[PDB]
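Numbering (PDB author numbering), first residue to last: 1 to 210, 212 to 362.
To keep things clear, I will list the structure first and then write my remarks on it.
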Ligand SMILES: *[C@@H]1O[C@H](CO)[C@@H](O[C@@H]2O[C@H](CO)[C@@H](O)[C@H](O)[C@H]2NC(C)=O)[C@H](O)[C@H]1NC(C)=O
């Protein structure tokens with residue numbers, strides 16, 4: 001079983017206990033740690049935060065304590081215009097330039113693979129994504145000829161049917177990628193006003209339309226399209242989405258005037274780290290959708306949909322019953338890495354959970 005874990009570059013700038021460096025990672029915790037978001041300059045992979053070279057090294061040293069640990073560098077991301085990706089992938093000329101540039105950069109900095117986070121390709125991009133993947137993987141194999149371990153190639157994929165149908169050639173890329181991470185937590189629409197859970201596990205025997214929005218269908222659908230079950234990886238959020246209620250209505254479908262207030266350390270609207278969410282719970286009424294098997298809290302005019310040890314454990318089990326490769330946890334910096342916020346003196350509670358289940362069989 002695989003437990004891919006993401007670490008983001010910008011989680012170093014948070015204040016106080018919110019500050020997180022590669023340093024803070026249990027090297028034995030995960031099996032794959034993805035440093036989050038390299039970049040592209042002059043059609044070539046490049047750094048992002050000034051000290052990346054340093055964090056790179058801090059993170060890559062963990063392998064000194066656990067030799068079987070593997071690390072990957074991810075390209076793209078949210079703050080990386082998808083148009084930019086699209087532009088690099090259409091001109092075979094600029095695409096090659098990029099590909100050929102990766103191995104060295106990786107080899108140089110100690111990574112064991114690259115991770116494509118081209119965040120949502122267009123209907124006009126499917127054809128080139130495939131190209132990018134097919135060619136990149138090719139470059140990688142050729143490089144292995146040099147007598148060294150072959151680099152890993154993976155990709156962060158959307159779990160939205162339409163999204164998937166629009167720009168992904170699953171049956172294709174499935175054969176070139178080492179593993180596919182399903183973004184199974186961006187389900188609730190950032191477009192419409194209404195309380196809703198972003199990472200439901202199940203369809204929810206109560207709401208007709210949009212049965213395509215839940216982990217269960219995502220996985221099932223991917224499998225239909227051809228993705229081998231042994232290459233799939235279910236994404237598990239370690240954060241929660243906050244909403245500013247617009248009425249005393251707290252139950253399903255209640256009004257929403259906007260994104261909840263920021264977090265003391267997270268400082269961003271609609272997003273809360275698990276550890277922040279831990280503090281929040283105090284004096285908050287905890288609810289849990291039986292049908293979707295996920296929890297949400299409400300305090301004052303604040304409504305929060307999130308995941309806990311038990312919601313997370315479920316998915317972990319699901320993940321295993323369909324026999325998938327393993328799990329993907331978004332941001333170890335969002336989990337209680339210090340472990341001093343959520344009661345129990347445990348560090349990385351949520352991730353542990355996912356691990357514990359994956360390890361008892
Ligand atoms: C990552 O690389 C991109 C692309 O080169 C950088 O983007 C540009 O930066 C310059 C100067 O700020 C602008 O004139 C260009 O219009 C930008 N191009 C693109 C594609 O955005 C970006 O600055 C780099 N990131 C960091 C953190 O250095």
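Positions of the beta carbon are idealized from the N, C-alpha and C atoms, including for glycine.
query                                                                                                                                            : result
Within 10 Å of its beta-carbon, does residue 341 have 16 or more other beta-carbons around it, so buried, or fewer, so exposed?                  : exposed
Is the beta carbon of residue 313 closer than 8 Å to that of residue 4?                                                                          : no
When you compare only the Cα positions, how much space is there between residue 54 and residue 20?                                               : 14 Å
Are there 16 or more other CB atoms within 10 angstroms of the CB of residue 305, so buried, or fewer, so exposed?                               : buried
Determine the burial state of residue 204: buried for a count of at least 16 other Cβ atoms within 10 Å of its Cβ, exposed for fewer.            : buried
Could you tell me whether any non-hydrogen atom of ligand 1 is closer than 7 Å to the CB of residue 46?                                          : yes
Roughly how many whole angstroms lie between the Cα atoms of residue 162 and residue 124?                                                        : 14 Å
For residue 278, does the three-state DSSP call read helix, strand or coil?                                                                      : helix
Please classify residue 28: is it buried, with 16 or more other beta-carbons within 10 angstroms of its beta-carbon, or exposed?                 : exposed
Going by the CB atoms, is the gap between residue 170 and residue 129 shorter than 8 Å?                                                          : no
Relative to ligand 1, is the shortest distance from any of its heavy atoms to the C-beta of residue 40 smaller than 7 Å?                         : yes
Going by the CB atoms, is the gap between residue 198 and residue 213 shorter than 8 Å?                                                          : no
Could you pull the start and end residues of the alpha helix (DSSP H) that residue 236 belongs to?                                               : Taken as a continuous stretch (DSSP letters only), residue 236 belongs to no alpha helix (DSSP H), being part of the beta strand (DSSP E) at 233-238.
Let's see if you can read the secondary structure: which residues bound the beta strand (DSSP E) around residue 260?                             : 257-260
Would you mind working out which of 288, 13 and 246 sits nearest residue 51, comparing C-alpha positions?                                        : 13
Tell me, which residues are paired with residue 365 by DSSP?                                                                                     : For residue 365 there is no data in the structure shown, the boundaries of the chain being 1 and 362.
Identify which residue in 89, 339, 36 and 16 has its Cα closest to the Cα of residue 10.                                                         : 36
Taking C-beta to C-beta, are residue 105 and residue 40 nearer than 8 Å?                                                                         : no
Give the straight-line distance between the Cα atoms of residue 352 and residue 160, rounded to the nearest whole angstrom.                      : 24 Å
Within 8 Å, do at least three Cβ pairs link the stretch 75-91 to the stretch 133-143?                                                            : no
Under 8 Å, with one C-beta from each stretch per pair, do the stretch 322-338 and the stretch 287-300 reach the 3-pair mark?                     : no
May I ask you to list the residues that DSSP assigns as paired with residue 329?                                                                 : 4 and 236
Among residues of its own chain, excluding the 5 on either side of residue 49, which ones have a beta-carbon nearer than 8 Å to its beta-carbon? : 9, 10, 12 and 55
Pick helix, strand or coil for residue 168, following the three-state DSSP scheme.                                                               : coil
So, under 8 Å CB-CB, residue 294 and residue 315 are touching, yes? Tell me the CB distance rounded to an integer number of Å.                   : 5 Å
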